[PDB]
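Okay, structure first, notes after.
Both counts, for ligands and for their atoms, begin at 1 and track the order of listing. In this chain, residues are counted from 1 in sequence order.
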Amino acid sequence: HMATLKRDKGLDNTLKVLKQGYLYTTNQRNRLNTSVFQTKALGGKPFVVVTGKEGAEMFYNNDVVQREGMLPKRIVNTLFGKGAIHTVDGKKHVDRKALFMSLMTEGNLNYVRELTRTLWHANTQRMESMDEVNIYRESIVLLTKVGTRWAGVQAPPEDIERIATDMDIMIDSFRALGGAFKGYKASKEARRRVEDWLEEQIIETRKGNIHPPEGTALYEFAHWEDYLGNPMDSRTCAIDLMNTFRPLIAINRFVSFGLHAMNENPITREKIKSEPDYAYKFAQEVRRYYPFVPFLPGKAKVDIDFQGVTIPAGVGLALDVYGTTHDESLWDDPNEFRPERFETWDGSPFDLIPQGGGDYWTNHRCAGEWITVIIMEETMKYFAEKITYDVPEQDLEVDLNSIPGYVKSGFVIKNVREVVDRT
Ligand code: HEM
């Protein structure tokens, strides 16, 4: 019958995972000479790490994989929220996921494109006026304006900076993989403030005291009823409403990385300007190449025969996101930033998985992938075409051994000047 699963042995390898970061799984495959291995982590719990197209296709087979209950409790407490869409499976999930996906119309996607473009255009003067601009921060603030407006949440200009900071702390809060860390309680408090704020909007909308536009997240979520005819309770509704735009705000990570790429590979700036298709390819290449999501947790519902081993019923599963997006058999020279690779990509649901794999409607795949690519296209076109700027000496390192993925400096620019033909 099948072979015995190889192990990264140890009672609990969480510390070792954290020390090796986005390279943990590749390091283990390499040293064990295997495509699939088991490790215990998160308090002695076994997880079988799977990768590649075959790992992704199996991970998103709902007949054999459970996702409910597999996120670390602390990460639910800070990043996603109690009872969030990420936390449910089966009919309850498909029903609620349809609500998220219903927002992703052609018009709403066009709207997010236009918002992003207008706000960057409107921000030029501010940025010229600054001695230096930390792109990670400036983009998170700008994207807070985009995301709240797109979601139909009215956010007073005077609150945007605090909101952005709260979002930042939440987005960062997967850094310990569910373990204790110094910043955990601050992350919880950020979450409580943002949940309280949104809950009030939901209640006021349901009472008829405010009138968000039809088709926005706030409107649609406040009024939605599940397959049994019941609304979300107000707190859960606020939680899932946040899940429509916190991750939009999180695109600031990719904005920073994109400017990093454009800096390291200056030909890409010229190509963004010259080739209309190229900004899309560039955006896709940022998502593939840079680290953000390391892996995703699930559980085997039944014994699964996979790549010559048997994965036992009840054991954890970890889909390797970083490893799949850097798989040398999927991506020629996976550690080269090369937007042109997208000229030949067939659109598979199972290779380009930085925001999950599988199906939008029946799997837990990111609802916001289209938005992410849109926002990145517009933002990179802006920085490539609309302004010039200098990049001072700074710490540009992206440490692959440290979750979460960041440019150490945030990516700082100076001497911003609008590009204007005045002749
Ligand atoms: C900034 C970059 C983003 C990253 C790296 C990202 C990544 C991910 C990943 C890895 C998942 C989980 C896939 C799985 O569990 O199988 C996910 C789920 C989700 N994403 Fe994103 N995402 C991003 C942006 C967005 C945007 C912009 C939105 C909304 C506008 C969004 C909404 C969601 C939702 C609602 C889910 C949960 C779907 C479900 O559980 O069925 N994401 N995302």
Side chain proximity check, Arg206 to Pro231, heavy atoms < 4.5 angstrom: yes

Should the pair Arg253-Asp168 be classified as a salt bridge under the 4.0 Å nitrogen-to-oxygen rule? yes

With a 4.0 Å heavy-atom cut-off, what residues sit around ligand 1? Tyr60, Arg67, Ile85, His86, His93, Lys97, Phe100, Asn243, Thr244, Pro247, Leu248, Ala250, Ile251, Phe254, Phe292, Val293, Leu296, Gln355, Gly356, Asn363, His364, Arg365, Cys366, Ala367, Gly368, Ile371, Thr372

Classify the angle between the aromatic ring planes of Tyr22 and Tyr322 as parallel (below 30°), tilted (30 to 60°) or perpendicular (above 60°). tilted

Picking from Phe411, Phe292, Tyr290, what satisfies ring pair (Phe, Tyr, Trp, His ring centres under 6.0 Å) with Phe254? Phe292

Verify whether one side chain among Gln394 and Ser409 offers a donor that lies under 3.5 Å from an acceptor in the other. yes

Mind checking whether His93 and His364 have parallel, tilted or perpendicular rings, split at 30° and 60°? tilted

